[PDB]
Amino acid sequence: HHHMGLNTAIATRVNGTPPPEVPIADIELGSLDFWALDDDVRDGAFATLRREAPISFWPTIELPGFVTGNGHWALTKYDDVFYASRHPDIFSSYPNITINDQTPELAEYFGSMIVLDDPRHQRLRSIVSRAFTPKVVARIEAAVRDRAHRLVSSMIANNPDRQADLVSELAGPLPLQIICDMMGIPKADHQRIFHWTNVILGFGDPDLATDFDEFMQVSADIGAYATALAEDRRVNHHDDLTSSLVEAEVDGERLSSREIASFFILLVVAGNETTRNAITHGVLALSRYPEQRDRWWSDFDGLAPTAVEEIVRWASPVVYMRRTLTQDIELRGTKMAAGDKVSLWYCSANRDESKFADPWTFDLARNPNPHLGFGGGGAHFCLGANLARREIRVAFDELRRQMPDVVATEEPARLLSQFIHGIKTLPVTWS
Ligand code: HEM
Ligand SMILES: CC(C)CCC[C@@H](C)[C@H]1CC[C@H]2[C@@H]3CCC4=CC(=O)CC[C@]4(C)[C@H]3CC[C@]12C
């Protein structure tokens, strides 16, 4: 520090360091306050559970407007999360995939294929899945590239002090534009969409929304938007996913307005509130472990496949998904009852010491890397996984190309969420 100035790269950390030991008595998965604690507390809590109570029961976190809910069995081991994901006849995605349940009012907006089992779930998924296949994603690679390139160049041109928030200037707007363009949403409305999806998956964080009436107004507003755009596409076809939604028939039946709106919402919410956190956590990790940045930069194309997977394993942007038992089962000597909720902790599966060597090492060469960041596999395996991998790869490639020494200057402001491993802001600087 020879001169004081506006910033200083954040502290680095020793790669491979396990979290400080968290006593099992300190673990409060049913307290919102617990989810505000830093990753070291949270990661150490799940390490303790994997060792000492790998399946355990916790209460639902109550937020304003939430339906009173029974507790949930937390599956913290990789093998259990994998098994549960692969056996939906036992571990149903109905009636919901967060720990709390939907009100009847919310079902008008959130009753999509992600809270349905087969057969209906697969019939719905097939309406859009062609757009998400690798060969079709390849067609929009150039657009993903152009968006990332323009955003990083704008960071440089419009921040002459050479600092900016990575989330608002790259990590958020790159995946936002891509998924909204796939839906056919005009660019003028993308920021409106993003505000809505930020609220939908930010509820309970004071920086996003805590008033349930505001949450219900946002849900109604994005639903009305979806419906208005769908009515547009009913009269004038475009080559976008909203047109695919309104033109689809399942066994001779069009989708209802409810079904179209919830499908639209599912797609933009998932597209907007996942990859941005993989990217932001990735930049945080590069800032903490510069030897990993240096390695990747010296061989970007060679390491990119494994680097992208390790960023998803490290970030685990979706912390968990819920299921509901259709029958009694016993796992690890723990009897769970038909009708009980079960939570699949991907954040924990992705540190499981029985499955991953050196789990606390951010290793951009890690291979194989059978992480559960996109879920355990099975019927609901992330629809956007190919697209997310390309978004992540291109974001880091443009940072490497245009501002290779980009580094965080403050610790991230973390989203208060049990479900989404969100970073709200990440100030960065570059030369
Ligand atoms: C790094 C980024 C992402 C991560 C970590 C992620 C993670 C996940 C996870 C864990 C699931 C649940 C899987 C299961 O239950 O087995 C899921 C489902 C889903 N994701 Fe992704 N996701 C990401 C990006 C995206 C993107 C960009 C989209 C684009 C819209 C998307 C669309 C979907 C959809 C539609 C589903 C529901 C699939 C179904 O029910 O069949 N995801 N995702
Ligand atoms: C992260 C993606 C892969 C999946 C996105 C799923 C989105 C579209 C939907 C499906 C079920 C929805 C949840 C239903 C329960 C609920 C009730 C509330 O009062 C707050 C908002 C929440 C917590 C909803 C937030 C948005 C969810 C999670």
# chains A, B, ... in the order shown; residues from 1 in each chain; ligands from 1
>>> select_by_dssp(residues="region 27-64 of chain A", states="strand (DSSP E or B)", output="number ranges by chain")
A: 55-58
>>> residues_around(residues="residue 318 (chain A)", least_positions_apart="5", cutoff="7 Å", atoms="only C-alpha atoms", output="ChimeraX atom specification")
/A:274,373,419-421
>>> write_last_selection(atoms="N, CA and C atoms", output="PDB file, in the first residue's frame")
ATOM      1  N   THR A 274     -29.639 -17.855 -11.643  1.00  0.00           N
ATOM      2  CA  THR A 274     -28.761 -19.005 -11.478  1.00  0.00           C
ATOM      3  C   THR A 274     -27.382 -18.708 -12.046  1.00  0.00           C
ATOM      4  N   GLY A 373     -24.515 -29.762  -9.144  1.00  0.00           N
ATOM      5  CA  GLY A 373     -24.924 -28.373  -9.236  1.00  0.00           C
ATOM      6  C   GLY A 373     -26.165 -28.183 -10.077  1.00  0.00           C
ATOM      7  N   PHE A 419     -32.334 -20.913  -0.575  1.00  0.00           N
ATOM      8  CA  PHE A 419     -32.596 -21.665  -1.801  1.00  0.00           C
ATOM      9  C   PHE A 419     -31.605 -21.319  -2.904  1.00  0.00           C
ATOM     10  N   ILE A 420     -31.189 -20.049  -2.974  1.00  0.00           N
ATOM     11  CA  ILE A 420     -30.368 -19.522  -4.057  1.00  0.00           C
ATOM     12  C   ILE A 420     -29.080 -18.991  -3.426  1.00  0.00           C
ATOM     13  N   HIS A 421     -27.922 -19.443  -3.935  1.00  0.00           N
ATOM     14  CA  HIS A 421     -26.627 -19.003  -3.375  1.00  0.00           C
ATOM     15  C   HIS A 421     -26.255 -17.648  -3.997  1.00  0.00           C
TER      16      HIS A 421
END
>>> residues_near_ligand(ligand="ligand 1", cutoff="8 Å", atoms="only C-alpha atoms and all ligand atoms", output="ChimeraX atom specification")
/A:85,93,97,112-116,121-122,125,175,179,266-278,312,316-321,346,372-385,387-389,392
>>> write_last_selection(atoms="C-alpha atoms", output="PDB file, in the first residue's frame")
ATOM      1  CA  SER A  85     -33.271 -37.451  -7.631  1.00  0.00           C
ATOM      2  CA  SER A  93     -41.774 -32.976  -7.138  1.00  0.00           C
ATOM      3  CA  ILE A  97     -39.871 -27.840  -4.797  1.00  0.00           C
ATOM      4  CA  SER A 112     -45.125 -25.152 -13.886  1.00  0.00           C
ATOM      5  CA  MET A 113     -43.576 -28.492 -14.937  1.00  0.00           C
ATOM      6  CA  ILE A 114     -40.965 -28.180 -12.127  1.00  0.00           C
ATOM      7  CA  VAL A 115     -43.693 -28.968  -9.541  1.00  0.00           C
ATOM      8  CA  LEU A 116     -45.184 -31.768 -11.656  1.00  0.00           C
ATOM      9  CA  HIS A 121     -44.013 -32.949 -16.722  1.00  0.00           C
ATOM     10  CA  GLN A 122     -42.267 -34.594 -19.687  1.00  0.00           C
ATOM     11  CA  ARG A 125     -40.717 -30.145 -21.160  1.00  0.00           C
ATOM     12  CA  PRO A 175     -27.823 -14.342 -18.908  1.00  0.00           C
ATOM     13  CA  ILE A 179     -32.933 -15.994 -21.932  1.00  0.00           C
ATOM     14  CA  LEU A 266     -40.230 -20.679 -14.817  1.00  0.00           C
ATOM     15  CA  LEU A 267     -37.964 -20.095 -17.815  1.00  0.00           C
ATOM     16  CA  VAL A 268     -37.099 -16.450 -17.101  1.00  0.00           C
ATOM     17  CA  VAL A 269     -36.748 -16.984 -13.345  1.00  0.00           C
ATOM     18  CA  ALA A 270     -34.420 -19.957 -13.821  1.00  0.00           C
ATOM     19  CA  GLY A 271     -32.485 -18.193 -16.584  1.00  0.00           C
ATOM     20  CA  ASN A 272     -32.045 -14.991 -14.542  1.00  0.00           C
ATOM     21  CA  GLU A 273     -31.313 -16.186 -11.024  1.00  0.00           C
ATOM     22  CA  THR A 274     -28.761 -19.005 -11.478  1.00  0.00           C
ATOM     23  CA  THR A 275     -25.949 -18.404 -13.965  1.00  0.00           C
ATOM     24  CA  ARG A 276     -25.359 -14.881 -12.640  1.00  0.00           C
ATOM     25  CA  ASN A 277     -24.385 -16.442  -9.311  1.00  0.00           C
ATOM     26  CA  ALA A 278     -22.123 -19.054 -10.897  1.00  0.00           C
ATOM     27  CA  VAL A 312     -20.671 -24.764 -10.770  1.00  0.00           C
ATOM     28  CA  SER A 316     -23.697 -24.541  -6.237  1.00  0.00           C
ATOM     29  CA  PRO A 317     -26.076 -21.701  -7.292  1.00  0.00           C
ATOM     30  CA  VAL A 318     -29.166 -23.716  -6.369  1.00  0.00           C
ATOM     31  CA  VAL A 319     -28.627 -24.655  -2.738  1.00  0.00           C
ATOM     32  CA  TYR A 320     -31.300 -27.354  -2.500  1.00  0.00           C
ATOM     33  CA  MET A 321     -34.488 -28.720  -4.022  1.00  0.00           C
ATOM     34  CA  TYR A 346     -26.695 -29.846  -3.488  1.00  0.00           C
ATOM     35  CA  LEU A 372     -24.800 -32.101  -8.475  1.00  0.00           C
ATOM     36  CA  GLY A 373     -24.924 -28.373  -9.236  1.00  0.00           C
ATOM     37  CA  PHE A 374     -27.504 -29.023 -11.944  1.00  0.00           C
ATOM     38  CA  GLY A 375     -29.255 -31.571  -9.675  1.00  0.00           C
ATOM     39  CA  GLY A 376     -28.843 -35.296  -9.094  1.00  0.00           C
ATOM     40  CA  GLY A 377     -29.993 -36.308 -12.587  1.00  0.00           C
ATOM     41  CA  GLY A 378     -33.304 -37.800 -13.541  1.00  0.00           C
ATOM     42  CA  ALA A 379     -36.490 -36.370 -14.950  1.00  0.00           C
ATOM     43  CA  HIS A 380     -35.946 -32.725 -13.963  1.00  0.00           C
ATOM     44  CA  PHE A 381     -32.217 -32.379 -14.762  1.00  0.00           C
ATOM     45  CA  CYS A 382     -31.533 -28.665 -15.443  1.00  0.00           C
ATOM     46  CA  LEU A 383     -33.020 -27.698 -18.807  1.00  0.00           C
ATOM     47  CA  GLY A 384     -30.604 -24.813 -19.108  1.00  0.00           C
ATOM     48  CA  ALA A 385     -27.374 -26.664 -18.291  1.00  0.00           C
ATOM     49  CA  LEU A 387     -26.793 -22.760 -22.049  1.00  0.00           C
ATOM     50  CA  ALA A 388     -25.477 -21.993 -18.567  1.00  0.00           C
ATOM     51  CA  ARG A 389     -22.111 -23.641 -19.363  1.00  0.00           C
ATOM     52  CA  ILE A 392     -20.155 -19.002 -17.944  1.00  0.00           C
TER      53      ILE A 392
END
>>> select_by_dssp(residues="region 88-316 of chain A", states="alpha helix (DSSP H)", output="ChimeraX atom specification")
/A:104-110,120-128,134-158,166,173-183,190-200,212-235,241-247,257-272,275-288,290-298,300-315
>>> residues_around(residues="residue 146 (chain A)", least_positions_apart="5", cutoff="12 Å", atoms="only C-alpha atoms", output="PyMOL selection string")
chain A and resi 140-141+151-153+174+177-178+391+394-395+397-398
>>> closest_residue(among="A:349, A:170, A:308, A:36", to="residue 54 (chain A)", atoms="only C-alpha atoms")
A:349
>>> closest_residue(among="A:83, A:73, A:396, A:203", to="residue 307 (chain A)", atoms="only C-alpha atoms")
A:396
>>> residues_around(residues="region 1-6 of chain A", least_positions_apart="4", cutoff="10 Å", atoms="only C-alpha atoms", output="list in words")
residues 161, 162, 163, 409 and 429 of chain A
>>> write_last_selection(atoms="C-alpha atoms", output="mmCIF file, in the first residue's frame")
data_model
loop_
_atom_site.group_PDB
_atom_site.id
_atom_site.type_symbol
_atom_site.label_atom_id
_atom_site.label_comp_id
_atom_site.auth_asym_id
_atom_site.auth_seq_id
_atom_site.Cartn_x
_atom_site.Cartn_y
_atom_site.Cartn_z
ATOM 1 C CA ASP A 161 -12.014 4.968 -12.092
ATOM 2 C CA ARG A 162 -11.801 1.274 -13.172
ATOM 3 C CA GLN A 163 -14.253 -0.086 -10.652
ATOM 4 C CA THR A 409 -12.372 -5.270 -4.066
ATOM 5 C CA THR A 429 -11.396 -3.408 -10.242
#
>>> residues_around(residues="residue 233 (chain A)", least_positions_apart="4", cutoff="8 Å", atoms="only C-alpha atoms", output="PyMOL selection string")
chain A and resi 229+237-238+242-243+246
